[PDB]
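Working notes, beginning with the structure itself.
Because the Cβ atoms are built from the backbone with ideal geometry, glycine has one as well, and the counts that use them run over all protein chains shown. Please treat every number below as a calculation from the coordinates, not as lab data.
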Amino acid sequence: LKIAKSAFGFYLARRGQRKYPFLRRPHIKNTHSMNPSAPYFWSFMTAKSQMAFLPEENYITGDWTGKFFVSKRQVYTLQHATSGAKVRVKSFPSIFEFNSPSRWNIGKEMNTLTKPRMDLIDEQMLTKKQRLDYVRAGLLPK
Amino acid sequence: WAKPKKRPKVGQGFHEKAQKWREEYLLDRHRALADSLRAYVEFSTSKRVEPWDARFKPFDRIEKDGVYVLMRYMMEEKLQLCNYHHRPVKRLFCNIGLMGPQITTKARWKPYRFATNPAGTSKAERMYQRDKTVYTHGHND
Amino acid sequence: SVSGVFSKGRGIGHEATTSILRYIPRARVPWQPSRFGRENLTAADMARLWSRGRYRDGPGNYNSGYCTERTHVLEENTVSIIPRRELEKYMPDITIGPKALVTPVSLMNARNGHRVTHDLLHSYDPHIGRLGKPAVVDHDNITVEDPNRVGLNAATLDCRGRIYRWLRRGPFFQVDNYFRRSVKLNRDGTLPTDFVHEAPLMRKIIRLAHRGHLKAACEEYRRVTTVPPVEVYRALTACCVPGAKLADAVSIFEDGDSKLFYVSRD
Amino acid sequence: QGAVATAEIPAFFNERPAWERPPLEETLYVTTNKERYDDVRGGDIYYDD
Amino acid sequence: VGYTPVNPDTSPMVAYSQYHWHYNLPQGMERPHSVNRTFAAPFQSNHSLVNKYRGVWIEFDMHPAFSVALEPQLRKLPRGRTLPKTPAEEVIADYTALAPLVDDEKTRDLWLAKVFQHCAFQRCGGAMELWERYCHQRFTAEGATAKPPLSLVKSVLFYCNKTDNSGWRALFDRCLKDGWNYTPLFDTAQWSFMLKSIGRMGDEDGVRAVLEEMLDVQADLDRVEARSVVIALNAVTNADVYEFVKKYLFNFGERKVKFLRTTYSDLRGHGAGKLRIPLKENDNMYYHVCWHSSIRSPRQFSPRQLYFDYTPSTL
RNA sequence: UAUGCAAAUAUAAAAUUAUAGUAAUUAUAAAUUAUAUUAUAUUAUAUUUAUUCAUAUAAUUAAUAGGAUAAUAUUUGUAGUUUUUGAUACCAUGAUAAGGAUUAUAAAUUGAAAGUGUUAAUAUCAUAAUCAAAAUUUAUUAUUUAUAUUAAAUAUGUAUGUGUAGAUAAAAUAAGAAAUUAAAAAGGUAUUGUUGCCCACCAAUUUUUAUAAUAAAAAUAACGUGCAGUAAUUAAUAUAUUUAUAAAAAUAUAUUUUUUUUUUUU
Ligand SMILES: O=c1ccn([C@@H]2O[C@H](COP(=O)(O)OP(=O)(O)OP(=O)(O)O)[C@@H](O)[C@H]2O)c(=O)[nH]1
Ligand SMILES: [Mg+2]
Ligand SMILES: [Mg+2]
Ligand SMILES: [Mg+2]
Ligand SMILES: [Mg+2]
Ligand SMILES: [Mg+2]
Ligand SMILES: [Mg+2]
Ligand SMILES: [Mg+2]
Ligand SMILES: [Mg+2]
Ligand SMILES: [Mg+2]
Ligand SMILES: [Mg+2]
């Protein structure tokens, strides 16, 4: 890769813009996971049946010391709002916290409550060249 | 294949900015959601333009004859209950059976986005005058 | 001038043998005379090494839930751990305990030879999970920590030849080892046959066979973990007589004989 | 000539005919097949001592 | 070319080369190979045999008359591969009471042998009285002519080893060529138990006598159980017997001797728990058994160890 | 543009330079260096269709060990820490891609060697590797365009604008297209050869002397100008006269150690 954002920058090649078979791209990057729909609200990026049980990740499975963030496929439950306990999720740069609890979240997965690609951009994680290219696309002011 | 340049460090106080921005993006999304649900239901509940294309048959026929007779006397109540939404309208016509095989085959219906216009729509421009602040997938007025 | 990975280490074998044994020169591998293996790690170091090497699930990884650090740093940001008492308020605790990690013997073939659902593979042979001593699996005590270090850890020091050994194992390896490390003739010439936990089952089989229920009896014979006593074979064949079932009497007998130590020869 | 193929086959298939070779060899001659220590530019790396 | 070498079976550039068989030649088998037929190996497993009786078989020959007559008494004594838990006091009471009623010598003695074996498995010490009361008079005392039935002897011997008893030495001695000549009929397990007992008690001389007879009678040396050889050898502190035991150690095989060492190093080692009575310290015999093992194994070359201090000289 | 003055290549000579003591030589010509409109027959580029192109993450690579129906091994439970250093996040040679331009029709292929991350002798900063659910700046990518539109792994909310700039892409192959081609003569101060060599002024110094703005000459490896020369960016060479940061440049004559262009009365 051109820039190494992780270790894998060293190991992987891009291969230009290369086509992969349908719904298998090596890296699952869900840009769409928060993509508003009123009519599809309960069917989009959620369980295919409402009679399914909540995933593994809503439960404490073993003897734990504690966790840092809960997984993002965990589904937001009335207790998430009510209990007033830390609810963290791993997003980038670091972690997203649900601080301001609402019932409107309930019954959806935190995938869906966390905007993956923010309209906010750090100018300090960008090279002067990259900043130029972000000004061309009409994102950054200059 | 050049050795990948190292990525610059993250930013100072950008963790706070990202937290806040996502936080209130979500808070905003609650009202965007509330509002688009209101819109979706308001649309389902309100009347629409007639779904059939009158330029073809059996629909072109004068409103005092043929299919329109069949509608005024047998189907009217039902057609109004479903508010001329194009899906239940087409189904009711299948179930009235007095047209029978024609509904899909000889008859023509307006395209999706035109059939979705509110009843009373006069100019075509209306398709583009609906609210873009709301996430209904064109199911909003 | 000196860079080590580990500060200190220890001997696999103990004073009585070693103090005398040293006067006899032992040939070390010619190209790498000094051997520091995972038996030689200290207790602390072994613990650390054993936590790592298990991708996400494993206790080493900060977010597995088994982490003992109170703080972890993601890109200059310091995150404080959420204690489990607090995690539980919104995330209910459904925890069966260790019995949940061990299926019965009955299912060992469905599972390709295993009783243990833990994260590392568990071998029933002595050598793969061997530390200094021979590996032995407790089916009662299975934990995520794995104190005896009998599991096959993929990434630890010295792992590779163990992994290779595991991939070379014969078609019945798990099953055979499990069966031969338990179930063996006593030093007196007595049969292994009488065990306290299996006794009522054998009783039930006998009882069923005397009332002439051949199928129910055979269906219970299936669930026997240990060699069944002679009395079982007697009952079962006696049951085969009145309906003339010969094929069944014979397969019963042949089952108990020269498989199970010739309990059946009576 | 050059060799198209190679096979390991017992020596009794082709061995110098008994009237050509010296009389009983096993008994009257001590033979060892061994490798030259010195560097051999060309020729065989084994000889019969 | 590489750090990873080609594997000669899968590579056609090896297989079809001039040094091997090309795919256009006629593909028949080159020469036949008879390996297993010419020189065959005997089967010895790395694991011990799973069905073997592993005890001292006492050989119950009873006439099928007294066998039925005495059944309610014998049902309490060991039958083949079955060890009833009846308390030994009771069994001896039954013998003392009922045996004078039976008239057969052979029967009374088979029965006695069963009693002895039963008392060997419980380690009850008061059973030698039975030997002095019935057998001693016509077998061991004052050059009595009579020659005891083999099973009885095996049983009594087995009892003297299981319960460690000075008595064994008197019985054993009667079994050599000039006496009853029973020694060549002993099982390997018999020897095993004998050696182990003698070793615990600590008679170098018992150990020597027994190893000599075992060797002469052609016992199965390699299959004598290692633990018992080690416990016997461990008992040897006397200079002459020590000499004997070196010379003798050359009678075992390569493998046997390696595991003599392993077993020895374990019994004073990690596995010191495995014994009912802890070993006694012989540093000399330990060192020697290790040394012997090292001598008899194939030798490996570790040049950085041997020549560590080598300096060349121009003299 | 030949009335003053003015000997001067047409060869009488003994290795180059140098006022006849300086340095140790010099000079020289044919090997080699891709484009200068030479000719029918062995048969066609001026058609069609395209162009809004984005996607990578949460560190320990170092060894062997056999079991029922086998003539007997508890070898059940096989237990001797500690002297080395490269493929790593890092300098650490090799090797396969893509890229149409003239061996044609018959019984026949429209894809090439000149090398595109992962591979074998240069080590002497560091564990960075996927087992899920994750963060767009990267030349190198054919997407669904108006009757009916989210049900199983979770699967994309955005750009209707007169088929509309500039600039670009693809094809003569079971398809269907039909008329505006090249050869043969050429030079090297370089010597695996123009990314080749060389030329003067401009500093130091060395050495001989017949001391002219500032002596002359010879050795010489700095600095700074340029680009004089090798038919060399207005061809060079010699004499003559002028000019001048420096090679040199302008004009007047001769001349090829410069490459050639050729009417036997029209
Ligand atoms: O080779 C072996 C292996 C194991 N054992 C086992 O060690 C246990 C205690 O080890 P001991 O060997 O001290 O007991 P022991 O002499 O009383 O046992 P016997 O051999 O006389 O029965 C014994 O009770 C036996 O089960 C051996 O005796 N020999
Ligand atoms: Mg290359
Ligand atoms: Mg790893
Ligand atoms: Mg001078
Ligand atoms: Mg001068
Ligand atoms: Mg020039
Ligand atoms: Mg010029
Ligand atoms: Mg010029
Ligand atoms: Mg000139
Ligand atoms: Mg000038
Ligand atoms: Mg001039």
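Restrict the check to segment E:156-163 and report whether at least one residue is under 23 Å from residue E:119 (Cα atoms), basic (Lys, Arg) and more than 16 Å from ligand 1 (Cβ to nearest atom).
So far as segment E:156-163 goes, no, none of its residues is under 23 Å from residue E:119 (Cα atoms), basic (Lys, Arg) and more than 16 Å from ligand 1 (Cβ to nearest atom).
Out of (1) within 14 Å of another protein chain (Cβ to nearest Cβ); (2) outside any loop (DSSP other than H, G, I, E, B); (3) more than 30 Å from residue A:90 (Cβ to Cβ), what's the single condition that is false for residue B:24?
The failed condition is (3).
Hey, does segment E:35-46 have a residue that's over 48 Å from the mean Cα position of the chain (by Cα), hydrophobic (A, V, I, L, M, F, W, C) and either assigned to a loop (DSSP other than H, G, I, E, B) or under 30 Å from residue E:86 (Cβ atoms) (or both)?
For segment E:35-46, residues over 48 Å from the mean Cα position of the chain (by Cα), hydrophobic (A, V, I, L, M, F, W, C) and either assigned to a loop (DSSP other than H, G, I, E, B) or under 30 Å from residue E:86 (Cβ atoms) (or both): absent.
When segment E:278-294 is examined, which residues are found to be away from RNA strand F (no atom under 15 Å from the Cβ) and in a loop (DSSP other than H, G, I, E, B)?
Result: E:280, E:281, E:282.
Going through segment A:86-112 one residue at a time, which ones are among the charged types (D, E, K, R), more than 8 Å from RNA strand F (Cβ to nearest atom) and assigned to a loop (DSSP other than H, G, I, E, B)?
If the condition is that a residue be among the charged types (D, E, K, R), more than 8 Å from RNA strand F (Cβ to nearest atom) and assigned to a loop (DSSP other than H, G, I, E, B), then A:86, A:108 are the ones that fit.
How many residues does segment E:272-294 contain that are within 16 Å of ligand 1 (Cβ to nearest atom) and either more than 10 Å from chain C (Cβ to nearest Cβ) or crowded, with 18+ Cβ neighbours inside 10 Å (or both)?
Filtering segment E:272-294 down to residues within 16 Å of ligand 1 (Cβ to nearest atom) leaves E:272-280.
Checking which are either more than 10 Å from chain C (Cβ to nearest Cβ) or crowded, with 18+ Cβ neighbours inside 10 Å (or both) leaves us with E:273-280.
Residues meeting the conditions: 8.
What's the number of the only condition in (1) at the interface with chain A (Cβ under 8 Å from one of its Cβ atoms); (2) touching a residue at least 12 places away in the same chain (Cβ under 8 Å) that residue C:119 fails to meet?
Only one criterion in (1) at the interface with chain A (Cβ under 8 Å from one of its Cβ atoms); (2) touching a residue at least 12 places away in the same chain (Cβ under 8 Å) is unmet by residue C:119, namely (1).
For segment C:145-247, which fully contained helices (runs of 4 or more DSSP H) count at least 1 residues that are among the small types (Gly, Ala, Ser) and surrounded by 16 or more Cβ atoms within 10 Å (Cβ to Cβ)? Before the answer, list the steps.
Details: elements: C:159-167, C:174-181, C:199-210, C:214-221, C:230-240.
It comes to C:199-210, C:214-221, C:230-240.
Kindly establish whether residue E:217 is within 16 Å of ligand 1 (Cβ to nearest atom) and either within 14 Å of chain C (Cβ to nearest Cβ) or of a type in the set (A, V, I, L, M, F, W, C) (or both).
Taking the combined requirement at face value, the residue does not satisfy it.
Would you pick out the residues in segment E:188-216 that are part of a loop (DSSP other than H, G, I, E, B) and more than 26 Å from residue E:141 (Cα to Cα)?
Correct list: E:202 only.
Tell me which residues, restricted to segment C:163-180, are within 7 Å of RNA strand F (Cβ to nearest atom) and under 28 Å from residue C:51 (Cβ atoms).
Residues satisfying the conditions are C:164, C:165, C:168, C:177.
If residue A:46 satisfies all but one of (1) touching a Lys or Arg at 6+ places or on another chain (Cβ under 7 Å); (2) at the interface with another protein chain (Cβ under 9 Å from one of its Cβ atoms), what's the number of the condition it fails?
So residue A:46 meets the others, but not (2).
Got a number for residues in segment B:98-141 being of a type in the set (A, V, I, L, M), surrounded by 11 or more Cβ atoms within 10 Å (Cβ to Cβ) and either within 16 Å of the chain's Cα centre (by Cα) or within 14 Å of another protein chain (Cβ to nearest Cβ) (or both)?
Selection size over segment B:98-141: 4.
Got a number for residues in segment A:75-85 being in contact with a helix residue (DSSP H, G or I) (Cβ under 6 Å, 6 or more places away or on another chain), within 8 Å of another protein chain (Cβ to nearest Cβ) and assigned to a loop (DSSP other than H, G, I, E, B)?
2
What residue, among those in segment A:107-142 that are away from every other protein chain (no Cβ under 12 Å) and touching a helix residue (DSSP H, G or I) at 6+ places or on another chain (Cβ under 6 Å), is surrounded by the most Cβ atoms within 10 Å (Cβ to Cβ)?
Going through the qualifying residues, I end up with A:140.
Determine whether segment E:229-236 contains at least one residue that is away from RNA strand F (no atom under 15 Å from the Cβ) and assigned to a helix (DSSP H, G or I).
no
Are there any pairs, at least 6 apart or on different chains, whose C-beta atoms fall under 6 Å, with the first in segment C:250-266 and more than 12 Å from chain E (Cβ to nearest Cβ) and the second surrounded by fewer than 16 Cβ atoms within 10 Å (Cβ to Cβ) and part of a loop (DSSP other than H, G, I, E, B), and if so, which?
So the pair list comes out as C:264/C:257.
So if I check each of A:41, A:22, A:68, which one is surrounded by 17 or more Cβ atoms within 10 Å (Cβ to Cβ) and away from chain B (no Cβ under 14 Å)?
Exactly one residue qualifies, and that residue is A:68.
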